[PDB]
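So the structure is just underneath, and the comments pick up after that.
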Amino acid sequence: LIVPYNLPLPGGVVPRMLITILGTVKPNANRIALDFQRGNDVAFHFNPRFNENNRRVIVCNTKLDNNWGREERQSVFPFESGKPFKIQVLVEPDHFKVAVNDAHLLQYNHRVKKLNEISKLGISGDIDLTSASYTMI
Ligand SMILES: OC[C@H]1O[C@@H](S[C@@H]2O[C@H](CO)[C@H](O)[C@H](n3cc(-c4ccsc4)nn3)[C@H]2O)[C@H](O)[C@@H](n2cc(-c3ccsc3)nn2)[C@H]1O
Ligand SMILES: [Cl-]
């Protein structure tokens with residue numbers, strides 16, 4: 001698939017919706033981003049950073065009216081440059097639940113409350129993208 005990639009989420013997200021992204025991190029990657037969007041707002045920005053002051057960190061945030069909110073940071077970093085990955089995002093009633101390569105990574109409490117209006121997923125950054133899909137579990 002071409003990156004950046006836009007995956008429509010028809011009628012928004014709902015609990016029990018599982019989104020699966022398969023790809024490979026490019027060699028010498030710098031960043032990856034998944035952006036769950038409600039129009040121009042970003043309900044959930046998931047942003048692995050491969051070199052922030054020589055550390056690897058995952059940053060999560062929400063953008064409302066073009067302004068970023070309080071960052072939530074995770075030091076557990078399951079991505080490796082050059083290697084294939086699977087990201088699964090499970091929508092639960094109170095949070096997005098993220099697993100990478102079948103291991104739980106983090107939860108992100110819903111800041112944007114109108115789940116039915118979060119109708120696009122943007123995928124960008126330093127990856128080769130193989131597949132992006134969703135199903136109900
Ligand atoms: O909050 C998320 C946003 O962060 C900003 S960078 C942000 O800048 C601030 C000053 O304006 C602070 O410096 C902030 N900070 C917070 C901390 C901190 C927090 C706790 S200890 C240290 N140390 N830096 C730092 O993260 C990125 O630019 C945004 N971004 C990424 C992308 C993208 C596109 C394609 S792939 C990625 N498109 N927009 C997005 O990730
Ligand atoms: Cl809302």
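Here's how to read the names in the structure tokens: chain A, B, ... by the order shown, residue numbers from 1 in each chain, ligand numbers from 1 in the order shown.
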
Discussion item. Residues of range 92-131 of chain A classed as strand (DSSP E or B) by DSSP on the backbone are to be reported as a PyMOL selection string.
Written reply: chain A and resi 95-100+103-109+120-125+127-131

**OP:** Output the neighbourhood of ligand 1 as a ChimeraX atom specification, that is, all protein and nucleic acid residues with some atom at most 10 Å from the ligand, counting only C-alpha atoms and all ligand atoms.
**Re:** /A:4,30-35,44-49,52-53,58-63,67-73,122-126

With N, CA and C atoms retained, export the selected residues as a CSV table (one decimal), in the first residue's frame.
```csv
chain,number,residue,atom,x,y,z
A,4,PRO,N,1.6,8.0,2.7
A,4,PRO,CA,0.6,7.9,3.7
A,4,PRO,C,-0.7,7.3,3.2
A,30,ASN,N,12.7,6.9,11.5
A,30,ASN,CA,12.7,8.0,12.5
A,30,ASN,C,11.4,8.0,13.2
A,31,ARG,N,10.3,7.8,12.5
A,31,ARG,CA,8.9,7.9,13.1
A,31,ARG,C,7.9,7.2,12.4
A,32,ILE,N,6.8,6.8,13.2
A,32,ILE,CA,5.6,6.2,12.6
A,32,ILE,C,4.5,7.0,13.2
A,33,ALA,N,3.3,7.2,12.5
A,33,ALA,CA,2.2,7.7,13.2
A,33,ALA,C,0.9,7.1,12.7
A,34,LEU,N,0.0,6.8,13.6
A,34,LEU,CA,-1.4,6.4,13.4
A,34,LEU,C,-2.2,7.5,13.9
A,35,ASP,N,-3.1,8.1,13.1
A,35,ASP,CA,-4.0,9.2,13.4
A,35,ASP,C,-5.4,8.8,13.2
A,44,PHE,N,-6.9,10.2,18.5
A,44,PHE,CA,-5.9,9.4,19.0
A,44,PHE,C,-4.7,9.4,18.0
A,45,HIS,N,-3.6,10.0,18.4
A,45,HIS,CA,-2.4,10.0,17.7
A,45,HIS,C,-1.4,9.1,18.4
A,46,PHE,N,-0.9,8.1,17.7
A,46,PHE,CA,0.0,7.0,18.2
A,46,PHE,C,1.3,7.2,17.4
A,47,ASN,N,2.3,7.6,18.1
A,47,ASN,CA,3.6,8.1,17.5
A,47,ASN,C,4.9,7.5,18.0
A,48,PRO,N,5.3,6.3,17.6
A,48,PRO,CA,6.6,5.8,17.9
A,48,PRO,C,7.7,6.7,17.3
A,49,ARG,N,8.7,7.1,18.1
A,49,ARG,CA,9.8,7.9,17.8
A,49,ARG,C,11.1,7.1,18.0
A,52,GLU,N,14.5,10.3,19.8
A,52,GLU,CA,14.2,11.5,20.5
A,52,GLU,C,15.3,11.7,21.6
A,53,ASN,N,16.2,12.5,21.3
A,53,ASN,CA,17.4,12.7,22.2
A,53,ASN,C,18.1,11.3,22.5
A,58,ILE,N,7.3,6.1,22.7
A,58,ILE,CA,6.0,6.2,22.0
A,58,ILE,C,5.3,7.3,22.7
A,59,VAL,N,4.8,8.3,21.8
A,59,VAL,CA,4.0,9.4,22.3
A,59,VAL,C,2.6,9.2,21.8
A,60,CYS,N,1.6,9.4,22.7
A,60,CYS,CA,0.2,9.4,22.4
A,60,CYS,C,-0.4,10.8,22.8
A,61,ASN,N,-1.3,11.3,21.9
A,61,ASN,CA,-1.9,12.6,22.2
A,61,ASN,C,-3.2,12.7,21.4
A,62,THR,N,-3.9,13.8,21.6
A,62,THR,CA,-5.1,14.2,20.9
A,62,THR,C,-4.9,15.7,20.5
A,63,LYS,N,-5.4,16.0,19.3
A,63,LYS,CA,-5.4,17.3,18.7
A,63,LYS,C,-6.8,17.9,18.5
A,67,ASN,N,-4.7,22.3,18.2
A,67,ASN,CA,-3.9,22.3,19.3
A,67,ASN,C,-3.7,21.0,20.0
A,68,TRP,N,-2.4,20.6,20.2
A,68,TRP,CA,-2.1,19.3,20.8
A,68,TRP,C,-2.3,19.4,22.3
A,69,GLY,N,-2.8,18.3,22.9
A,69,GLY,CA,-3.0,18.3,24.4
A,69,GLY,C,-1.9,17.7,25.2
A,70,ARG,N,-2.2,17.2,26.3
A,70,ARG,CA,-1.1,16.6,27.2
A,70,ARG,C,-0.7,15.2,26.6
A,71,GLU,N,0.6,15.1,26.4
A,71,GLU,CA,1.2,13.8,25.9
A,71,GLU,C,1.2,12.7,26.9
A,72,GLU,N,0.9,11.5,26.5
A,72,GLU,CA,1.1,10.3,27.3
A,72,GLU,C,2.2,9.5,26.6
A,73,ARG,N,3.2,9.3,27.4
A,73,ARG,CA,4.5,8.7,26.9
A,73,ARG,C,4.7,7.3,27.5
A,122,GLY,N,-5.5,7.6,9.5
A,122,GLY,CA,-4.3,8.0,8.7
A,122,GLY,C,-3.1,7.2,9.2
A,123,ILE,N,-2.4,6.6,8.3
A,123,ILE,CA,-1.2,5.8,8.6
A,123,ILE,C,0.0,6.5,7.8
A,124,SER,N,1.0,6.9,8.6
A,124,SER,CA,2.1,7.6,7.9
A,124,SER,C,3.4,7.3,8.6
A,125,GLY,N,4.5,7.7,8.0
A,125,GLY,CA,5.9,7.5,8.6
A,125,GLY,C,6.7,6.6,7.8
A,126,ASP,N,7.8,6.1,8.5
A,126,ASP,CA,8.8,5.4,7.9
A,126,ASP,C,8.6,3.8,7.9
```

Q) Near residue 93 in chain A, counting only C-alpha atoms, which residues have an atom at most 10 Å away, once you skip same-chain residues fewer than 3 positions from it, shown as an MDAnalysis selection string? A) chainID A and resid 14:16 90 96 109:110 115

Output N, CA and C atoms for every residue in the selection just made, as an mmCIF file, in the first residue's frame.
```
data_model
loop_
_atom_site.group_PDB
_atom_site.id
_atom_site.type_symbol
_atom_site.label_atom_id
_atom_site.label_comp_id
_atom_site.auth_asym_id
_atom_site.auth_seq_id
_atom_site.Cartn_x
_atom_site.Cartn_y
_atom_site.Cartn_z
ATOM 1 N N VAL A 14 -16.459 1.797 17.230
ATOM 2 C CA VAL A 14 -17.423 1.269 18.165
ATOM 3 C C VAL A 14 -16.686 0.231 18.993
ATOM 4 N N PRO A 15 -17.099 0.030 20.254
ATOM 5 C CA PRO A 15 -16.449 -1.035 21.002
ATOM 6 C C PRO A 15 -16.576 -2.392 20.302
ATOM 7 N N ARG A 16 -15.514 -3.187 20.421
ATOM 8 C CA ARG A 16 -15.356 -4.503 19.778
ATOM 9 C C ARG A 16 -14.866 -4.430 18.334
ATOM 10 N N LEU A 90 -7.693 -2.291 19.448
ATOM 11 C CA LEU A 90 -9.023 -2.757 19.821
ATOM 12 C C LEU A 90 -9.731 -1.605 20.498
ATOM 13 N N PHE A 96 -8.811 3.082 23.811
ATOM 14 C CA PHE A 96 -8.208 2.333 22.717
ATOM 15 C C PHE A 96 -7.179 1.431 23.383
ATOM 16 N N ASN A 109 -7.179 6.403 27.145
ATOM 17 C CA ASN A 109 -8.539 6.773 27.521
ATOM 18 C C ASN A 109 -9.153 7.701 26.483
ATOM 19 N N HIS A 110 -10.424 7.481 26.154
ATOM 20 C CA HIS A 110 -11.103 8.319 25.162
ATOM 21 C C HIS A 110 -11.242 9.761 25.632
ATOM 22 N N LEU A 115 -17.523 8.732 19.414
ATOM 23 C CA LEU A 115 -16.820 7.633 18.746
ATOM 24 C C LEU A 115 -17.322 7.406 17.323
#
```

* Could you give me, as a list in words, the residues within 10 Å of residue 128 in chain A, counting only C-alpha atoms and dropping anything in the same chain fewer than 4 positions from it? => residues 1, 2, 3, 22, 23, 24, 25, 26, 82, 84 and 124 of chain A

Based on the selection just made, write C-alpha atoms of those residues as a PDB file, in the first residue's frame.
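Here's the written file part.pdb:
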```pdb
ATOM      1  CA  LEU A   1       0.000   0.000   0.000  1.00  0.00           C
ATOM      2  CA  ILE A   2       1.049   3.613  -0.599  1.00  0.00           C
ATOM      3  CA  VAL A   3       2.054   5.623   2.483  1.00  0.00           C
ATOM      4  CA  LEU A  22       0.744  -5.088   9.048  1.00  0.00           C
ATOM      5  CA  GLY A  23       3.973  -3.682   7.702  1.00  0.00           C
ATOM      6  CA  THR A  24       7.725  -3.464   8.019  1.00  0.00           C
ATOM      7  CA  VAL A  25       9.714  -0.663   9.626  1.00  0.00           C
ATOM      8  CA  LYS A  26      12.170   0.862   7.160  1.00  0.00           C
ATOM      9  CA  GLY A  82      14.001  -3.237   9.388  1.00  0.00           C
ATOM     10  CA  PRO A  84       7.955  -6.707  10.288  1.00  0.00           C
ATOM     11  CA  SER A 124       2.142   7.599   7.918  1.00  0.00           C
TER      12      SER A 124
END
```

Residues of chain A within 7 Å of ligand 2: nearest atom pair and distance (Å, one decimal) for each, counting only C-alpha atoms and all ligand atoms, sorted by chain and number, as CSV?
```
residue,atom,partner,partner_atom_place_in_ligand_line,distance
A:112,CA,ligand 2,1 (Cl),4.1
A:113,CA,ligand 2,1 (Cl),3.9
A:114,CA,ligand 2,1 (Cl),4.5
```

_Separation of CA of residue 129 in chain A from CA of residue 6 in chain A, in Å and rounded to one decimal_ =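 The value is 11.6 Å.
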
Q: Would you mind reading off the distance between CA of residue 127 in chain A and CA of residue 27 in chain A, one decimal, in Å?
A: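 CA of residue 27 in chain A lies at a distance of 8.8 Å from CA of residue 127 in chain A.
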
Point to revise | From A:137, A:117, A:11, A:78, residue lying nearest residue 105 in chain A [only C-alpha atoms] | key: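 Checking each of A:137, A:117, A:11, A:78 against residue 105 in chain A, counting only C-alpha atoms, the winner is A:78.
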
Residue with the minimum atom-to-atom distance to residue 92 in chain A, picked from A:50, A:36, A:5, A:108 with only C-alpha atoms counted, is A:108

Identify, on the basis of only C-alpha atoms, every residue whose closest approach to residue 98 in chain A does not exceed 8 Å; exclude the query and any residue fewer than 6 positions from it along the same chain; express the result as a PDB file with C-alpha atoms, in the first residue's frame.
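Once written, part_15.pdb looks like this:
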```
ATOM      1  CA  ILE A  87      -0.261  -3.351  15.340  1.00  0.00           C
ATOM      2  CA  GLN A  88      -3.721  -4.202  16.644  1.00  0.00           C
ATOM      3  CA  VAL A  89      -5.969  -1.450  17.974  1.00  0.00           C
ATOM      4  CA  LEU A  90      -9.023  -2.757  19.821  1.00  0.00           C
ATOM      5  CA  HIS A 104      -0.263  -5.686  25.037  1.00  0.00           C
ATOM      6  CA  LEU A 105       1.432  -2.290  24.816  1.00  0.00           C
ATOM      7  CA  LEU A 106      -0.819   0.475  26.161  1.00  0.00           C
ATOM      8  CA  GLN A 107      -4.304   1.867  26.672  1.00  0.00           C
TER       9      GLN A 107
END
```

(Q) Counting only C-alpha atoms, which residue out of A:99, A:136, A:7, A:57 sits closest to residue 86 in chain A? (A)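 Counting only C-alpha atoms, the residue closest to residue 86 in chain A is A:99.
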
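Taking only C-alpha atoms, the non-local environment of residue 118 in chain A within 9 Å (same-chain residues fewer than 4 positions away omitted) comprises residues 9, 10, 11, 12, 13, 36, 37, 38, 39, 41, 42, 43, 112 and 114 of chain A.
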
Got time to write the residues from that selection, N, CA, C and O atoms, as a PDB file, in the first residue's frame?
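The result, stored in result_13.pdb:
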```
ATOM      1  N   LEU A   9     -13.265   4.588   8.159  1.00  0.00           N
ATOM      2  CA  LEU A   9     -13.892   3.798   9.206  1.00  0.00           C
ATOM      3  C   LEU A   9     -15.384   4.137   9.152  1.00  0.00           C
ATOM      4  O   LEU A   9     -15.825   5.086   9.788  1.00  0.00           O
ATOM      5  N   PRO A  10     -16.164   3.389   8.350  1.00  0.00           N
ATOM      6  CA  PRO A  10     -17.527   3.846   8.059  1.00  0.00           C
ATOM      7  C   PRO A  10     -18.423   3.925   9.289  1.00  0.00           C
ATOM      8  O   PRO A  10     -18.611   2.940   9.984  1.00  0.00           O
ATOM      9  N   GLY A  11     -18.971   5.103   9.562  1.00  0.00           N
ATOM     10  CA  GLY A  11     -19.847   5.271  10.714  1.00  0.00           C
ATOM     11  C   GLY A  11     -19.080   5.345  12.022  1.00  0.00           C
ATOM     12  O   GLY A  11     -19.668   5.205  13.090  1.00  0.00           O
ATOM     13  N   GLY A  12     -17.767   5.550  11.934  1.00  0.00           N
ATOM     14  CA  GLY A  12     -16.924   5.728  13.098  1.00  0.00           C
ATOM     15  C   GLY A  12     -16.529   4.426  13.743  1.00  0.00           C
ATOM     16  O   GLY A  12     -16.744   3.355  13.186  1.00  0.00           O
ATOM     17  N   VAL A  13     -15.931   4.527  14.923  1.00  0.00           N
ATOM     18  CA  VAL A  13     -15.526   3.350  15.674  1.00  0.00           C
ATOM     19  C   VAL A  13     -16.555   3.017  16.732  1.00  0.00           C
ATOM     20  O   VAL A  13     -17.417   3.825  17.079  1.00  0.00           O
ATOM     21  N   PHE A  36      -6.165   8.616  14.331  1.00  0.00           N
ATOM     22  CA  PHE A  36      -7.608   8.408  14.271  1.00  0.00           C
ATOM     23  C   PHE A  36      -8.248   9.785  14.261  1.00  0.00           C
ATOM     24  O   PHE A  36      -8.122  10.519  15.247  1.00  0.00           O
ATOM     25  N   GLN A  37      -8.934  10.132  13.167  1.00  0.00           N
ATOM     26  CA  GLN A  37      -9.413  11.498  12.997  1.00  0.00           C
ATOM     27  C   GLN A  37     -10.920  11.647  13.065  1.00  0.00           C
ATOM     28  O   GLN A  37     -11.676  10.809  12.574  1.00  0.00           O
ATOM     29  N   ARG A  38     -11.336  12.735  13.712  1.00  0.00           N
ATOM     30  CA  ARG A  38     -12.715  13.194  13.717  1.00  0.00           C
ATOM     31  C   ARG A  38     -12.684  14.518  12.964  1.00  0.00           C
ATOM     32  O   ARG A  38     -12.402  15.558  13.549  1.00  0.00           O
ATOM     33  N   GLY A  39     -12.934  14.480  11.660  1.00  0.00           N
ATOM     34  CA  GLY A  39     -12.717  15.662  10.827  1.00  0.00           C
ATOM     35  C   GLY A  39     -11.272  16.123  10.940  1.00  0.00           C
ATOM     36  O   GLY A  39     -10.354  15.328  10.771  1.00  0.00           O
ATOM     37  N   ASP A  41      -9.882  17.158  13.718  1.00  0.00           N
ATOM     38  CA  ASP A  41      -9.357  16.783  15.021  1.00  0.00           C
ATOM     39  C   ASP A  41      -8.729  15.406  14.963  1.00  0.00           C
ATOM     40  O   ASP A  41      -9.148  14.562  14.170  1.00  0.00           O
ATOM     41  N   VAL A  42      -7.710  15.185  15.791  1.00  0.00           N
ATOM     42  CA  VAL A  42      -7.121  13.857  15.922  1.00  0.00           C
ATOM     43  C   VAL A  42      -7.499  13.305  17.279  1.00  0.00           C
ATOM     44  O   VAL A  42      -7.003  13.759  18.302  1.00  0.00           O
ATOM     45  N   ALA A  43      -8.399  12.330  17.282  1.00  0.00           N
ATOM     46  CA  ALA A  43      -8.864  11.712  18.520  1.00  0.00           C
ATOM     47  C   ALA A  43      -7.770  10.943  19.242  1.00  0.00           C
ATOM     48  O   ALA A  43      -7.689  10.972  20.468  1.00  0.00           O
ATOM     49  N   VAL A 112     -11.870  12.222  23.021  1.00  0.00           N
ATOM     50  CA  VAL A 112     -12.945  12.532  22.094  1.00  0.00           C
ATOM     51  C   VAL A 112     -14.047  11.505  22.341  1.00  0.00           C
ATOM     52  O   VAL A 112     -13.805  10.296  22.269  1.00  0.00           O
ATOM     53  N   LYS A 114     -17.306  11.366  20.917  1.00  0.00           N
ATOM     54  CA  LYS A 114     -18.201  11.016  19.822  1.00  0.00           C
ATOM     55  C   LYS A 114     -17.516   9.974  18.935  1.00  0.00           C
ATOM     56  O   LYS A 114     -16.971  10.285  17.862  1.00  0.00           O
TER      57      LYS A 114
END
```
